[PDB]
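This is what each chain is made of:
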Amino acid sequence: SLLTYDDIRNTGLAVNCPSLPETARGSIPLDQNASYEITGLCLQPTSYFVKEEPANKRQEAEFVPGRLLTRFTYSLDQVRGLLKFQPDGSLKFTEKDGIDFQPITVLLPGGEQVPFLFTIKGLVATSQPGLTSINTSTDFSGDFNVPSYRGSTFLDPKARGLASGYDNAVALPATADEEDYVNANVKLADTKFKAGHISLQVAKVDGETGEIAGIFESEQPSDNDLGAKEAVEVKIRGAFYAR
Amino acid sequence: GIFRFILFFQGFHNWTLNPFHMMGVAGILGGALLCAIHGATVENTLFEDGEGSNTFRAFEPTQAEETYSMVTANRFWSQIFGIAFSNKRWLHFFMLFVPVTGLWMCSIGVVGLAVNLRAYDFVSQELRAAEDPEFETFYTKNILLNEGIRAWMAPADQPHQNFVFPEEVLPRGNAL
Amino acid sequence: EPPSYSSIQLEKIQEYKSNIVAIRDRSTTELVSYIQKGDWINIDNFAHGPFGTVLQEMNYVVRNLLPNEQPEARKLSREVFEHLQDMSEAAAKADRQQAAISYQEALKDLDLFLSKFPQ
Amino acid sequence: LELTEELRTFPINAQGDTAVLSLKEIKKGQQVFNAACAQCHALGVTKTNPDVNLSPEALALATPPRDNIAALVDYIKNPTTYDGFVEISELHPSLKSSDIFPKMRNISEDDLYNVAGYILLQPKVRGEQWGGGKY
Amino acid sequence: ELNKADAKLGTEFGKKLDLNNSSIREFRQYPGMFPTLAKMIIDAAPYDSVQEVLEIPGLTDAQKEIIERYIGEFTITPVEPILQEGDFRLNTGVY
Amino acid sequence: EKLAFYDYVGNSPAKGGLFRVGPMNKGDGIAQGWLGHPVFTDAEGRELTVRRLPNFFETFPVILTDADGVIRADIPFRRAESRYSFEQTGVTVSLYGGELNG
Amino acid sequence: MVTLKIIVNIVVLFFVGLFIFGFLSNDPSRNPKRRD
Amino acid sequence: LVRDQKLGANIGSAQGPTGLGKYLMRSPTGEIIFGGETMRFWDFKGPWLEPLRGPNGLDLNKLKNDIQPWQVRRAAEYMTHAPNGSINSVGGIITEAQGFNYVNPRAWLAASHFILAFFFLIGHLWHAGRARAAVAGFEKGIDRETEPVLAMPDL
Amino acid sequence: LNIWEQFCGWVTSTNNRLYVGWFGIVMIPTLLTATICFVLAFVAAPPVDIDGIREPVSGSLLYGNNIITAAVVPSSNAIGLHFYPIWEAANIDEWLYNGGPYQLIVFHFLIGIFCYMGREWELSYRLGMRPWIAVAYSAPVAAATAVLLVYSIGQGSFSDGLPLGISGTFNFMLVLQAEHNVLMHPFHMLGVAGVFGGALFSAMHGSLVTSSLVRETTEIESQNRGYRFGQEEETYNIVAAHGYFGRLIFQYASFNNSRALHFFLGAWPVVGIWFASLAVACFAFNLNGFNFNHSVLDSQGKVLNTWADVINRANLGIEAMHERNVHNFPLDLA
Ligand code: CLA
Ligand code: CLA
Ligand code: CLA
Ligand code: CLA
Ligand SMILES: CC(C)=CCC/C(C)=C/CC/C(C)=C\CC/C(C)=C/CC/C(C)=C/CC/C(C)=C\CC/C(C)=C\CC/C(C)=C/CC/C(C)=C/CC1=CC(=O)C(C)=C(C)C1=O
Ligand SMILES: CC(C)=CCC/C(C)=C\CC/C(C)=C/CC/C(C)=C/CC/C(C)=C/CC/C(C)=C/CC/C(C)=C/CC/C(C)=C/CC/C(C)=C/CC1=CC(=O)C(C)=C(C)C1=O
Ligand SMILES: CCCCCCCCCCCCCCCC(=O)OC[C@H](CO[C@@H]1O[C@H](CS(=O)(=O)O)[C@@H](O)[C@H](O)[C@H]1O)OC(=O)CCCCCCCCCCCCCCC
Ligand SMILES: CCCCCCCCCCCCCCCC(=O)OC[C@H](COP(=O)(O)OC[C@@H](O)CO)OC(=O)CCCCCCCCCCCCCCC
Ligand code: HEM
Ligand code: OEX
Ligand SMILES: [Ca+2]
Ligand SMILES: [Ca+2]
Ligand SMILES: [Cl-]
Ligand SMILES: [Cl-]
Ligand SMILES: [Fe+2]
């Protein structure tokens, strides 16, 4: 195909791949201290696949296994967002403010669990190294967002067991009722580590792309388990324009 | 009025999935095949005593020779189903037996429901419905549906106790 | 047969003309830059969208305006549609100067409708 | 009760007075309620905007208040939001928008006068009715 | 481990509306707050003060007149990452 | 405590199923002590009680009502539009008599 | 799996192929009476 | 969705009641589709929202600022005119009270042929028995004397 | 003689132990694949996500559940109505998590009984029987293809189908009573009239010939022995069984001739159940049973309760509780 022409962009999987620019790493668009016609499209087809596994046999049992995506091809997010700001010296801020984000992926590693991974972009506030004119297909964007939960205050288990409404702590064992331990269902506003690079950076349509490295928390299914750690690394697929 | 008493016995007792009711579904639906499959083969093996084109002309009631084959019908069902009624009696005794012992097993279930020995609960499959949100099954999906009965229709079914409910005590799943 | 459209034009027909005049000054936009540079199916966004509301809107010249000049005003409102059939169906042609002269026809009829019928 | 006259009294105008309504105009007001006031106002709930119920707990709170049926035939003449800020005659059947919503052509003012009288007689005779309806 | 939802319901969020993690149909209970007035309230200023609103950009002086009619019917609660999260303010679970 | 033991749902012979097999002490364990009788008061008094769970239920939703029958408190299943919850009403428990008196 | 898809697609066309010219070769002449 | 736009909450950020997007999640093959229970009809290609179909699917550049007042009021009419009937005239959800009547004659004609489509498979099968026994001569039953199964060998 | 005619001459032969003949050559492979996959996935399938959001429900015997639960659980709402073979998923673990193996034992099982339809016709032409027994097997095939296929078409996805297991079925039926109301629908009510009629007429016809049996044994042995199989003389007299039932009910309303009797034995459940099969097939397009909600009323307009809204107060509850996470918008019309 030459271009995609959306009716041929049906179930053939030429569809979950946003803007891939041409091989030209020599575009320096040279912004200054002002506002922007803030950036587009921004977002990622999240896969290489790398996951840290929980130790439980203490201080050893690090050293990542791989994983298999046991579900379909909607590890993606799309077009909005990314208020860009240039602060007082370097460090070249990046604000997301209202993008389409958080798809949810399920994987299984060797070990037969199904941890629910969360690729979240909730309020990245991205720092940056020392003094850049503009991105040169070399510079490193790295910070964290805040992640959301799995139970977004209504996801019941199969005995209707949530905090936010929904039948406190027991239904059917009426005399062993208030003894179980898994009914504290509290939400959190975390911060972690994430990195995102840049590699291609075209000049005319002015879309910049390059690698990412996201390190998240896993599911807490209204607080049963502790989180696992997942190194999700893929291309960013941004698009930039400005005032 | 029977249809209320049906959905009474779903919610307040779980009259499905106790085993004494489930033999009765094997009684009636097993009874409904054995009159359907026996109604077929006597109209599939017939014996050319008429010369007209409908079959039940010139069948005498005072006729000693038997109007269906049973030799071709046994040869039919030994091949298709693999098992076949190899004598013409106990084909009729089985058609007596299969819905009568269906209702008798169904009759001794509701006497357990009379003193409401329901067997709605499994002794297993509930403690890790309590401890474990990762344990996800149809039975615990089904047992919350019966809670959808017992707090929704019970103020309107029985106004004897004057049950009145303030509309956030009722189990609502979501936006519905 | 009613000459006096006191509230009949001033609430209805001067909002009938006002909504498609508002698409009209906008219309030198991304849509001309779609047929300038390189966006095939966002023209079919526009023809069934912002020009989908240029026509379903421009439909009740029957239901509000002057029934003697109604049958001559149907085909004025039909030629603006039927030229814009050539706009969305030259997107499968993949050659955007059959659609460009189709868009210049929408200068000849939309504002000619907007010059006409102040009644 | 027999549906007597003095339970069918309700204030028909702004804040000062009422009127008595006879029996047969309610039943064609019921008939036009099941024709045009119908697909988005079954049981008083509003299926497209789910918390704009026709309960008089909530019909009083939309300003200026929608209990006066001369105001309520004005609010089908000129529909609005709860504050009277913008018209929603894009999005609502009206007589201002009869060219948009074609069902409002075969109707009159007095054919709206009884369906305004119908719609608040229904919570006068039931509590659950013209309410959330979950219970 | 107070399950983080009913504890917020005790501190005046169950009593009155709160402008920080209040539902949109809580504003329906007062005459004159729904959609075109509570849109600027719930998106912009859940900050720290019962008197900081009436000074948000986006409303007129006629729009703040309805605010001063029922000004003493809310207290600002501290923010919540259980109840503001999820886009829960504009579309709740009750319909 | 013998009179208190006969006023228990868990000695009424309705509950128990067909295949929940064994003694009643496999259902509750051994009865240790009464720990009194609950008396529920609001911030105002307004005394209110629980007399609920009839026999052919399994999971009765908890309601708290006054002398004539108007509900004053419950357990809110959906805490978006609660108006009769425990926390806004501020119900206290007076546990009178028994093991855990006062 | 695309290696598997053809192997399943052979055996459907084998069995339905041996059904569609199964009946095509006399199938009203093995009806144990006249013209058997 | 667009009711929400008037309210102003940002569509993309919000996670439904269950982790997924309340409004705009992604289908298994990449098309940004409507969320909720609408994942079954992610192949919907009617005349409205074809001006919301972007390159991938429902594009969020044009899902905001390009909804038209004609566009929503068709879908407002099509929401309440869903195919949901009673037997008689009752419309909408079965649980819902019969305030208004509309059977939606898509549905009311779709089942009516399926009565007749299945019944014509009954009689076709039941004529194919008599037609195959017409040339074979035992449409009136098997013979007394030359029974063909007694000629067949034992099992 | 001929090599390909050596085939057609074994497959169509009538002296095999089981008849695999021309309908059987589509049936026997595509039923054994439906047998072997179902028996394997009854015990060892992973959890499968029926509702289509995230949470995977378990239906296999190594995951702690018993016989009376735990279907091979149907496909996901995400895949909808799309054809989902085993070769479209990127691995096998993607296939089993997304409700894979149900479409292996629906699309094989349904074509495995539609060729069991014609196989019963085929042997009746392979003998001299009058072939009218496949039309009796369209009565439970349409019972097994309305709910597996046809209800899974018009309702939407393949998630709304029968979960083929014993207490997966019971979760389906309460949803169908919830979602569109099975009981107040006359085509279901014509079905149980065939079934309860077929319940009685099995124990009516089967009783009375067992009653009117002639004496050929003595007391000590079984009375089911005194005749040989395939004899020409009857084991019972129809003339004594006629006027027993003629003296129990109307004498005019008995069945004098047995070939008219056995047709009505083969009529009443068979014509009954494909109304009930056509009930779910006309339920599939959301043409539902009627509501008498708010039907009778005072001259006020105050709502009088009937049995039908007591039905609906039970039917509101399962509708407001089934699929308890997916519904974000207040109508369950999908
Ligand atoms: C596949 C579906 C299926 C099947 C086949 C059955 C089968 C059966 N169910 Mg069942 N059931 C099912 C699903 C099913 N169930 C489901 C999903 C539910 C909801 C959970 C129930 C709930 C249910 C209940 C609540 C009960 C049954 C009962 C029964 C039994 C029927 C008893 C009967 O016919 O007596 C028929 C009635 C009589 C024989 C009484 C005598 C009446 C005489 C014979 C008739 C009088 C004639 C006279 C002239 C009047 C006629 C004229 C009139 C028109 C005016 C039978 C075993 C019953 C049972 O097992 O209890 C023992 C019962 O009480 N079912
Ligand atoms: C065609 C598919 C199918 C099959 C195979 C079954 C099978 C069964 N159903 Mg069922 N059911 C079906 C469709 C089906 N149903 C439908 C469409 C509905 C309505 C929605 C129901 C509603 C229903 C109810 C309400 C109940 C059952 C019950 C039962 C069980 C005993 C009934 C019985 O004796 O049947 C009579 C038929 C025969 C005796 C002929 C022999 C057929 C046997 C029973 C099949 C065994 C099934 C097994 C999986 C086969 C394994 C073979 C192996 C080689 C793979 C049995 C497991 C009852 C139950 O739970 O009992 C345990 C019960 O209460 N079903
Ligand atoms: C009617 C007489 C009677 C009574 C009421 C009871 C009642 C009880 N016994 Mg007891 N028991 C009995 C006879 C009886 N038993 C007999 C005859 C024996 C000797 C075998 C025992 C031996 C015994 C022991 C060893 C113990 C009890 C215990 C108990 C108590 C616990 C509850 C329980 O086990 O229920 C369970 C009941 C069931 C699971 C119901 C069974 C239903 C059957 C299986 C249905 C059969 C259907 C049939 C197969 C289908 C027919 C086929 C069809 C084709 C016709 C309970 C009070 C326990 C206790 O508390 O003692 C300290 C205990 O440890 N019992
Ligand atoms: C008191 C016992 C009793 C009686 C009289 C009935 C009677 C009936 N039930 Mg019912 N039912 C019963 C118990 C009973 N049931 C129980 C215990 C349950 C389980 C809880 C059910 C569950 C049940 C369901 C789920 C349904 C029925 C339905 C029906 C009706 C049709 C059934 C049918 O055709 O049977 C088959 C038998 C025959 C056709 C033989 C003929 C019997 C008829 C009824 C007698 C005719 C008498 C005649 C008209 C009187 C005049 C005399 C004449 C000589 C002039 C019928 C009125 C169905 C319905 O809706 O229909 C309205 C239906 O859906 N019943
Ligand atoms: C006060 C005092 C002292 C009074 C007593 C003295 C006195 C004055 C008496 C007079 C009063 C009086 C006589 C009557 C008044 C009471 C009265 C009216 C009672 C009627 C009540 C009533 C509703 C009766 C009708 C119900 C009834 C009995 C039957 C229902 C009949 C019906 C509609 C359907 C039956 C189903 C049916 C057709 C079954 C047959 C089908 C079938 C498969 C048969 C099987 C079969 C048939 C065969 O044919 C043979 C061969 C064999 C093999 C065989 O399998
Ligand atoms: C991994 C795997 C395999 C999992 C499978 C597990 C699973 C999901 C399901 C299986 C579980 C299961 C079987 C549950 C059912 C349990 C249950 C209820 C059992 C019944 C037990 C019980 C006490 C029931 C009480 C009622 C009772 C006795 C019912 C019996 C039912 C029964 C045997 C019905 C017979 C049905 C049948 C085959 C009828 C056809 C008869 C037949 C072959 C006629 C042929 C024939 C006809 C003629 O006309 C003539 C002339 C001749 C000559 C002739 O021959
Ligand atoms: C206004 C109401 C709605 C109108 C629309 C519907 C109209 C329906 C009209 C039907 C016309 C045909 C009826 C007879 C069919 C027939 O050939 O029977 C032939 C046999 C034999 O009759 C035999 O008939 C012989 C006479 S002769 O040979 O046919 O000439 C003779 O031997 C003797 O009389 C007898 O043994 O009739 C019977 O067996 C008696 C049973 C009653 C008639 C058959 C009904 C079939 C079962 C009921 C189905 C109900 C459906 C729902 C079930 C849950
Ligand atoms: C695809 C083609 C092949 C089909 C494969 C499946 C065929 C299975 C046939 C049933 C086997 C024989 C059973 C009766 C054993 C038997 O020998 O029957 C014999 C009996 C005939 O007996 P006779 O006429 O020989 O009796 C002579 C008298 O003297 C009596 O003693 O047939 C029947 O009664 C049929 C009715 C019961 C049939 C019950 C069917 C049960 C189905 C399976 C249910 C359990 C499954 C459990 C799964 C978890
Ligand atoms: C002629 C018939 C109708 C009448 C009399 C009518 C009446 C009303 C009234 C009186 C209100 C305001 C209620 C209040 O303030 O509490 C209202 C609101 C509303 N009606 Fe209707 N209505 C009609 C038809 C419809 C139809 C067909 C729809 C569906 C398209 C609809 C959708 C709405 C909506 C969406 C609102 C809420 C406006 C908002 O979102 O703010 N109405 N209607
Ligand atoms: O999910 Mn299965 O299901 Ca028979 O409905 Mn519609 O969607 Mn739900 O509903 Mn009520
Ligand atoms: Ca009108
Ligand atoms: Ca609150
Ligand atoms: Cl559910
Ligand atoms: Cl929804
Ligand atoms: Fe017989």
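About the criteria used
- Residues numbered from 1 in each chain as written, not as in the entry; some residues may be left out.
- Chains lettered and ligands numbered in written order.
- Part of a larger assembly, values for the part shown.
- Heavy atoms only, no water.
- Residues with missing side-chain atoms left out of burial classes, pairs and counts.
- Pairing = 2+ DSSP bridges.
- Helix = DSSP H or I, 4+ residues; strand = E, 2+ residues; numbered from the N terminus.
- Axes fitted to C-alpha atoms, helices over the stretch in contact; angles between N-to-C directions.
- Near = heavy atom within 4 Å.
- Polar contact = N/O pair within 3.5 Å; in protein donor to acceptor, adjacent residues only side chain to side chain.
- Areas by Shrake-Rupley, 256 points an atom, 1.4 Å probe, with all protein chains shown as cover.
- Nonpolar A, V, L, I, M, F, W, Y, C, P; charged D, E, K, R; others polar.
- Contact = heavy atoms within 4.5 Å.
- Salt bridge = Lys/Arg side-chain N within 4 Å of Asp/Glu carboxyl O.
- Buried < 20%, exposed > 50% of the residue type's maximum accessible area, 1.4 Å probe, protein only.
- 1 Å grid on protein atoms, 1.4 Å probe; cavity = no way out; pocket = protein on both sides within 12 Å on 5 of 7 lines; lining within 4 Å.
- Points joined across faces, edges and corners; volume = space filled by probe spheres on them.
- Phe/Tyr/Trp six-rings, centres within 6.5 Å; stacked < 30°, edge-to-face > 60°.
- Buried area = accessible area lost by both parts, 1.4 Å probe.
- Expected span 1.5 Å × (residues − 1).
- Parallel < 35°, antiparallel > 145°, perpendicular 65-115°, else oblique.
- Left-handed = near helix turned anticlockwise from the far one by under 90°.
- Arc of directions from axis to C-beta.
- Core = buried A, V, L, I, M, F, W, Y, C linked by side-chain atoms within 4.5 Å.

Per the deposition metadata, cryo-EM was the technique used to determine this entry, at a resolution of 3.5 Å.

Draft legend 1. Spotlight on the sheet that holds strand β2 (residues 67–69) of chain A. Residues and elements named next belong to chain A. Spatially, three strands are ordered β2-β3-β4 in an open sheet, and the strand pairing comes out antiparallel. Each edge of the sheet is formed by a strand with only one pairing partner; in this case those strands are β2 and β4 (116–118). Between one strand axis and the next, the sheet turns through 45 degrees on average, direction left out of account. Bridge analysis of β2 against strand β3 (residues 104–109) gives three bridges, and the strand direction is antiparallel. Counted as the bridge partner of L68 is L108 from β3.

Draft legend 2. Structural view of the site of ligand 8. Close to ligand 8 lie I80, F81, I83, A84, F85, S86, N87, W90 and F94 of chain B together with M27 and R119 of chain I. More than one chain reaches ligand 8: its neighbouring residues belong to chains B and I. Within the contact set of ligand 8, an oxygen atom lies 2.4 Å away from a side-chain nitrogen or oxygen of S86 of chain B. Within the side chain of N87 of chain B, a nitrogen or oxygen atom sits 2.9 Å from an oxygen atom of ligand 8. Protein coverage of the free-state accessible area of ligand 8, which is 1,200 Å², stands at 41%. Among the residues forming the shell around ligand 8, the class breakdown is eight nonpolar, two polar and one charged.

Draft legend 3. Spotlight on the arrangement of the chains. Among 23 pairs of chains with at least one contact, chains B and I form the most extensive contact set. Contact between chain E and chain G is absent, and the minimum C-alpha spacing across the pair is 40 Å.

Draft legend 4. The arrangement of the site of ligand 9 in detail. All names here are of chain D. Around ligand 9, 20 residues are found, and the nearest of them are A36, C40, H41, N49 and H92. Within the side chain of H41, an N or O atom sits 3.0 Å from a nitrogen atom of ligand 9. At 3.0 Å from a nitrogen atom of ligand 9 is found a side-chain nitrogen or oxygen belonging to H92. For the shell around ligand 9, a count of residues per class yields twelve nonpolar, seven polar and one charged.

Draft legend 5. Here's a closer look at the sheet that holds strand β5 (residues 92–96) of chain F. All names here are of chain F. Reading across the sheet, the three strands line up as β2-β1-β5 and stay open at both edges, with antiparallel pairing between neighbours. Every interior strand has two partners, whereas the edge strands, β2 (47–48) and β5, have only one. Two strands pair when backbone bridges link them, and strand β1 (residues 37–41) and β5 are joined in this way by five bridges, in the antiparallel orientation. Following the sheet pairing, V39 is matched in β5 by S94.

Draft legend 6. Quick look at the pattern of salt bridges. Applying the stated rule across the entire model yields 26 salt bridges over all chains. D7 of chain A is paired through a salt bridge with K45 of chain H; the nearest N and O atoms lie 3.1 Å apart. Of the two residues, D7 of chain A sits in the segment before β1 (50–52) while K45 of chain H sits in the loop between β2 (32–34) and α2 (60–63), which places them in two different chains. The exposure class assigned to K45 of chain H is exposed, which follows from its relative accessible area of 53%. It is possible to trace a salt-bridge network through shared partners that takes in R160 and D167 of chain A, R118, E147 and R150 of chain B together with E58 of chain F.

Draft legend 7. Region of the structure containing the environment of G230 of chain I. Relative to the assigned elements, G230 of chain I resides in the loop between α8 (186–211) and α9 (238–248). Placed 96 residues apart in sequence, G230 of chain I and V326 of chain I show a C-alpha to C-alpha distance of 62 Å. Setting aside anything within four residues of it in sequence, one finds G230 of chain I in contact with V71 and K88 of chain B.

Draft legend 8. Representation of empty space enclosed by the protein. Quantified by volume, the largest cavity comes out at close to 530 Å³. Looking at the lining of the largest cavity residue by residue, the classes come out as eleven nonpolar, twelve polar and eight charged.

Draft legend 9. Region of the structure containing the interface of chain H and chain I. At the interface, 55 residues of chain H touch 66 residues of chain I. The biggest single contributor to the side of chain H that touches chain I is helix α4 (residues 105–136) of chain H, with 16 residues. Grouping the amino acids of the side of chain H that touches chain I by side-chain chemistry returns 35 nonpolar, twelve polar and eight charged.

Draft legend 10. The packing of aromatic side chains, seen in detail. Taken as a whole, this structure holds 59 aromatic pairs over all chains when the rule is applied. For the ring pair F19 of chain G and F23 of chain G, a centre distance of 5.7 Å and an interplane angle of 80 degrees mean the geometry is edge-to-face. Classification of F23 of chain G as partly exposed rests on a relative accessible area of 23%. Pairing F118 of chain H with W274 of chain I gives two aromatic rings, centres 6.4 Å apart and planes at 75 degrees, and the pair type is edge-to-face. Placement of the pair is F118 of chain H in helix α4 and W274 of chain I in helix α11 (residues 270–283), with the two residues belonging to separate chains.

Draft legend 11. Molecular detail of the interface of chain B and chain I. Taken together, the 83 residues of chain B in the interface contact 100 residues of chain I. Among the residues of chain B in contact with chain I, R89, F138 and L176 of chain B are the three that bury the most area, contributing 11% of the side total. Here chain B is connected to chain I by one salt bridge. For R259 of chain I, the salt bridge identified is with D49 of chain B, shortest N-O distance 3.5 Å.

Draft legend 12. Quick peek at α11 of chain I. Residues and elements named next belong to chain I. The first and last C-alpha atoms of α11 sit 20 Å apart over 14 residues, in line with the 20 Å expected at 1.5 Å per residue. Most of α11 sits out of view: twelve of its 14 residues are buried. Within the sequence span of α11, burial applies to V270, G272, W274, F275, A276, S277, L278, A279, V280, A281, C282 and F283.

Draft legend 13. Region of the structure containing the packing of α4 of chain H against helix α5 (residues 109–126) of chain I. With their axes 11 Å apart at the nearest point, α4 of chain H and α5 of chain I run at an angle of 15 degrees to one another. Our classification of the angle between α4 of chain H and α5 of chain I gives roughly parallel. The chirality of how α4 of chain H crosses α5 of chain I is right-handed. Across the interface between the two elements, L125, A128, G129 and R132 of chain H of α4 of chain H pack against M117, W121 and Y125 of chain I of α5 of chain I. Of the residues that constitute the contact of α4 of chain H with α5 of chain I, the class distribution is five nonpolar, one polar and one charged.

Draft legend 14. Main features of helix α5 (residues 70–88) of chain C. Residues and elements named next belong to chain C. For α5, built from 19 residues, the straight-helix expectation of 27 Å at 1.5 Å per residue is met to within 8% by its first-to-last C-alpha distance of 28 Å. Burial in α5 covers these residues: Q70, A73, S77, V80, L84, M87 and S88. What you see down the axis of α5 is that its buried residues fit within an arc of 85 degrees, all on one side. Of the exposed residues in α5, the ones pointing more than 90 degrees away from its buried face are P71 and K75. Looking at the buried residues of α5, the elements they touch are α3 (43–47), α4 (61–64) and α6 (98–115).

Draft legend 15. Structural view of the nonpolar core. Counting 35 residues, the largest nonpolar core has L148 and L176 of chain I as the members making the most contacts within it. Going through the elements one at a time, α4 of chain H together with α2 (24–44), α6 (138–154), α7 (169–180) and α11 of chain I are the ones with two or more residues in this core.

Draft legend 16. A look at the packing of helix α2 (residues 19–41) of chain B against α8 of chain I. It is at 8 Å that the axes of α2 of chain B and α8 of chain I come closest, and there the two elements cross at 65 degrees. One way to sum up the angle between α2 of chain B and α8 of chain I is to call them roughly perpendicular. In the crossing of α2 of chain B with α8 of chain I, the sense of the turn from one axis to the other is left-handed. Across the interface between the two elements, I28, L29, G31, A32, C35 and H38 of chain B of α2 of chain B pack against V195, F196, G198, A199, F201, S202 and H205 of chain I of α8 of chain I. Broken down by class, the residue content of the contact of α2 of chain B with α8 of chain I amounts to eight nonpolar, five polar and no charged.

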